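Shown below, as structure tokens, is a lone chain in the form deposited in one PDB entry; questions about how it binds or moves come after it.
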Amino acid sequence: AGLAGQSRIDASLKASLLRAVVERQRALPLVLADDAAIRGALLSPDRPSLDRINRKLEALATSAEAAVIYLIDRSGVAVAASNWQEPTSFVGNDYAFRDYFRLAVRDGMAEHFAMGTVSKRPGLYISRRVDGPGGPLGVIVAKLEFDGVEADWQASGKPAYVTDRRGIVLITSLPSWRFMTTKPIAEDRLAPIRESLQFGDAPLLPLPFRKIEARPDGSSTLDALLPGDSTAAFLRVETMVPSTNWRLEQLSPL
């Protein structure tokens, strides 16, 4: 009973710190979209211009929590990236199938989680349409990765994971829960999610928690496997991540 109360406090602090990371990085694509140098490189994508944007994005990404910042042209090809010197450079790749590109193109802005296609690293993509005097020029994207957050959750001793409204695990202190599911997921909805490549080739399997037992207060007990450990019992609480479509669930070792 007192464990449930403390666990709520700890879950609420995790979700609070997580919202603030996201909300901090929403500002970055918004300021870069109105940037004359960005607009200019899309108007005239010459070598000198793209090299200047490459250097600028690299320095901007160094200073910010976002792992990667990149510039996509109107055709959906990335022309500049902060990781331009890396073997995993996003430059030259076609993005155009990603909702973060096509919803930004259509609506002015977009945001979603994905397993990256070049990096093979999961993240949140926050994107903004770049507009010119005569209309849409491209899309600027910030990719936020949550490795540091996950490591902190892990070191707390109360594992946690974050799901969308379909119940798919996006962010997790235990890597092997990633893109597994809290909810059942009907065969006709699974195929479209899989084919979209949002979560790469993840089979989207239910999370392997056993003897899940719902309690009056909203919590559940369950049996779970953590690395190096035999099966152990946990209390699970959940809370909203405000300013997102996400839910945080946290396990407390009994």
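In this text, residue numbers run from 1 along the sequence as written. Here the rigid core means the biggest group of C-alpha atoms that line up within 1.5 Å when the two forms are laid on top of each other.
Averaged over CA atoms, B-factors in the entry run higher in 183-191 than in the other of 183-191 and 49-57. 113-121 and 129-137 differ in mean CA B-factor, and the higher of the two is recorded for 129-137. When the modelled residues of the chain are ordered by their C-alpha B factor, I9 lands in the highest third. The deposited CA B-factor of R98 belongs to the middle third of values across its chain. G92 sits in the lowest third of its chain by CA B factor, as recorded in the PDB entry.
Residue-level temperature factors show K158 in the middle third of its chain, judged at the C-alpha atom. When the modelled residues of the chain are ordered by C-alpha B-factor, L197 sits in the middle third.
Another form exists, deposited in another entry; not displayed. Remarks below refer to it.
For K211, the Cα coordinates differ by 2 angstroms or more between this form and the one not shown after the core has been superposed. The rigid-core alignment places the CA of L197 2 Å or more apart between this form and the one not shown. Annotation: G200/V139 CA-CA distance longer in the other form than in the displayed model, change of at least 3 Å. An increase of at least 3 Å in the separation of the C-alpha atoms of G200 and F101 is found in the other form, compared with the displayed form.
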